[PDB]
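I have placed the structure first, in the form of structure tokens, so that the comments after it can refer back to it.
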Amino acid sequence: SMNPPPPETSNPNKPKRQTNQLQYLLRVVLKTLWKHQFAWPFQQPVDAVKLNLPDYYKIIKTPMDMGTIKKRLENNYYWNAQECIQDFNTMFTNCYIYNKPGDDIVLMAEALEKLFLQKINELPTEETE
Ligand SMILES: *C[C@@H](O)c1ccc(Cn2cc(-c3c(C)noc3C)ccc2=O)cc1
């Protein structure tokens with residue numbers, strides 16, 4: 001079995017920006033989630049080879065994880081905060097699609113998504129450079 005290449009965290013041609021909102025995503029939102037006791041399964045791409053999940057990447061065609069998001073924010077990969085928010089949403093969605101509702105990993109993801117949504121209500125209202 002093989003894993004796919006992970007999602008890119010840098011791209012030489014993609015315009016880069018640091019916005020007030022992107023800075024709040026790094027300094028607050030991701031800080032809270034990264035350090036939470038439920039974060040660790042989500043800190044790196046799903047390793048389908050080590051987990052013995054040969055169907056994972058047959059079912060999940062848009063992978064995403066918090067390690068990728070952290071590297072994207074540190075590399076100033078994004079133009080806007082909505083791209084980052086979309087990545088968190090993808091990560092949660094993937095967990096809910098692959099696993100059975102009420103598996104422990106799903107309940108953990110639900111708890112992190114609830115926390116995520118709480119924190120992103122405190123984003124600066126207007127995105128500015
Ligand atoms: C929340 C905690 O109880 C727990 C449960 C299960 C695992 C096992 N596991 C699962 C994954 C995984 C992800 C992130 N998405 O689909 C799966 C199957 C990854 C690593 C891992 O050890 C960990 C913690």
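The first residue in the sequence is number 1, and the count goes up from there. Computation of the quantities below employed the complete heavy-atom set of this structure, encompassing side-chain atoms and omitting hydrogens, waters and symmetry-equivalent molecules.
Side-chain atoms of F42 and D65, non-hydrogen and from C-beta on, never get closer than 4.5 Å to each other. Here the side chains of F38 and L107 are not in contact, with every heavy-atom distance at 4.5 Å or above. Annotation: side chain of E127 is in contact with side chain of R17 (closest heavy-atom distance under 4.5 Å). Contact of the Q21 side chain with the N80 side chain is not registered, since no non-hydrogen atoms from C-beta on lie closer than 4.5 Å. Here the side chains of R72 and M64 are in contact, with some heavy-atom distance below 4.5 Å. Considering only heavy atoms from C-beta on, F116 comes within 4.5 Å of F92 through its side chain. With a 4.5 Å cut-off on side-chain heavy atoms, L30 and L25 do not count as touching. Side-chain contact between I59 and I97 is present, with heavy atoms from C-beta onward closer than 4.5 Å.
Between the side chains of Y24 and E122, at least one donor-acceptor pair of N or O atoms lies under 3.5 Å. Between the side chains of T90 and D87, no donor N or O sits under 3.5 Å from an acceptor N or O. Counted by atom type alone, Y78 and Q18 present zero donor-acceptor pairs between their side chains at under 3.5 Å. A donor-acceptor pair shorter than 3.5 Å cannot be found between the side chains of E83 and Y77.
Residue-environment remark: NZ (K14) exceeds the threshold of 12 foreign heavy atoms within 6.0 Å.
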Could you pull out every donor-acceptor pair under 3.5 Å between side chains of residues 49-56 and any protein atom, sequence neighbours left out?
unit_1 : atom_1 : unit_2 : atom_2 : d
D55    : OD1    : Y98    : OH     : 2.7

Could you give me the CA-CA distance, side-chain angles and deciding distance for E8 and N11, then say whether side-chain hydrogen bond (donor to acceptor under 3.5 Å, both in side chains) is met? CA-CA 7 Å; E8 67 183 26; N11 181 330; 3.2 Å; yes
Dump the intermediate steps for side-chain contact (heavy atoms from CB on, under 4.5 Å) on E110 and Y96, then the final yes or no. CA-CA 9 Å; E110 293 174 336; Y96 305 149; 3.7 Å; yes
The test is side-chain contact (heavy atoms from CB on, under 4.5 Å); show your working for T19 and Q23 and say whether it passes. CA-CA 6 Å; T19 73; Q23 188 177 277; over 6 Å; no
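Residues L123 and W79 are members of separate hydrophobic clusters, defined by side-chain heavy-atom contacts under 4.5 angstrom among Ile, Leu, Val, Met, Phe, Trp and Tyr. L22 and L33 fall within a single hydrophobic cluster, where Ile, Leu, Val, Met, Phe, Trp and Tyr are joined by side-chain heavy atoms under 4.5 Å apart, directly or via other members. Two different hydrophobic clusters hold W40 and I105 under the rule that ILVMFWY side chains link at heavy-atom gaps under 4.5 Å. Residue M108 is grouped with residue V29 when hydrophobic side chains (ILVMFWY) are merged at heavy-atom distances under 4.5 angstrom, including chains of intermediate members.
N99 places a side-chain N or O within donor-acceptor distance of the main-chain N or O of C95, the cut-off being under 3.5 Å. A distance-only check finds no donor-acceptor pair linking the side chain of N3 to the backbone of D47 [under 3.5 Å]. With hydrogens and angles ignored, the 3.5 Å screen pairs no side-chain donor or acceptor of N20 with any backbone N or O of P124. A distance-only check finds a donor-acceptor pair linking the side chain of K61 to the backbone of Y57 [under 3.5 Å].
The cationic group of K70 lies under 6.0 Å from the six-membered ring centre of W34 and within 45° of the ring axis, placing it in a cation-pi geometry.
Distance check, rounded to the nearest 0.5 Å: OG1 of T68 to CE of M91 gives 10.0 Å. Atom CD1 of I120 and atom CD of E113 lie 9.0 Å apart (nearest 0.5 Å).
When all heavy atoms are compared, the tightest approach of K100 to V106 is O-CG2, 3.5 Å. Between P63 and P7, the closest heavy-atom pair is O-CG, 3.6 Å.
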